[PDB]
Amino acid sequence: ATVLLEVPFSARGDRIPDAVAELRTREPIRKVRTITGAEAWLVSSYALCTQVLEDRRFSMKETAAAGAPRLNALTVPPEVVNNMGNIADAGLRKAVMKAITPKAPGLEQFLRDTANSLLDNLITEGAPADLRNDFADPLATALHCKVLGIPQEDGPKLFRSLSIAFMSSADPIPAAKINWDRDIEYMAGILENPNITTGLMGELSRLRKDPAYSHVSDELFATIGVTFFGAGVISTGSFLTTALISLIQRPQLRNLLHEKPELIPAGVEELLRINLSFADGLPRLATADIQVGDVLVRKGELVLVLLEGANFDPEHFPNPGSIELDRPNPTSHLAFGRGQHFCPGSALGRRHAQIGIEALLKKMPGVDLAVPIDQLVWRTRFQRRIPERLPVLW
């Protein structure tokens, strides 16, 4: 006898397991066991992933219901699982969405300046350099302080909550509550702090005193700050780190983007498509009995949408493991999700990566790994796949 197939399959974010394609061919929806011991349906074709993400009877917020089968333990209060629903119900969606585009005057200049400063520091100090801790993640952290309107010097302490906040644990995590409560208190103080007048938090600070929002809770305003900083920083920092590995691995693409930087947006879209940064399928709970391929999913069951199952599906993306800058469907990947919960940070996340890559290629056109690729240490039991350090030379 063998056990029920366990997820996740591998924490390594530099290569997809050959097992994913086998799985998608033989059983593109199949039962698995999660780290909590719960059963779930793992969906791994493009067709069935899209079906689940576009059908709201597969619910995000019902994953937080007490007693549901769980992918992992909550690290936020259960009402925060419906965060963007709560933002929309408060009449804040338009405003929040507006504040996190890359469009604000000065923002792109700020990202280039910041990327260049981090890279000049690395060049002064001499190789090897850690492009996760000393480039991608500080770039993400600086970006999100600017987008929120909060002091750059408050970035590092907020960032150090994230290695716990974004854990994928079988059990509740006592430090996640300590850091959540502390970070909520910080964002409630930001809303009361008259120096904060710009960015997302400057905007929510004004809307909080406007009569159209007088009954929106102070708790929701603070929660938007904590959640958007943390999710945006983890998602952009982790994507840019694993995208740099994929680029550094492909010297010809490196050289092509360095020579023709106008191709960087197409190259970032393919780096998004192939990205392995999400460590787990996206979870949903069925609220009805729903047919998915050859399975009737029953009400109350957990479904996990494997993004790399969709994004490496050769029926949708032929020669799926190759980066090709001339595909006829380049933005049709699921790296930002699909449907009701499609990422509102997508444009910002694209621009963070495009600017970080353009700056890296101009400053370190010879960038290469400084260790054999197998020596990267992949973080485990985390909601993202990320190497703990990314040592490079140039």
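Numbering starts at 1 and runs along the sequence shown.
- Between 299 to 307 and 210 to 218, it is 210 to 218 that carries the larger average Cα temperature factor according to the deposited entry.
- Relative to one another, 229 to 237 and 242 to 250 have unequal mean CA B-factors, and 242 to 250 is the one with the higher figure.
- As recorded in the entry, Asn255 carries the highest CA temperature factor of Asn255, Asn275, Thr223, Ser168.
- Within the listed group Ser163, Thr101, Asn133, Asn72, the record reports its top CA B-factor for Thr101.
- Ranked against the other modelled residues of its chain, the C-alpha B-factor of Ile178 as given in the entry falls in the lowest third.
- Per-chain ranking of the deposited C-alpha B factor places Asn82 in the middle third.
- Ranked against the other modelled residues of its chain, the C-alpha B-factor of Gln109 as given in the entry falls in the highest third.
- Sorting the modelled residues of the chain by their CA temperature factor places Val3 in the highest third.
- Placement of the Cα temperature factor of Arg56 within the chain: highest third of the modelled residues, per the deposited record.
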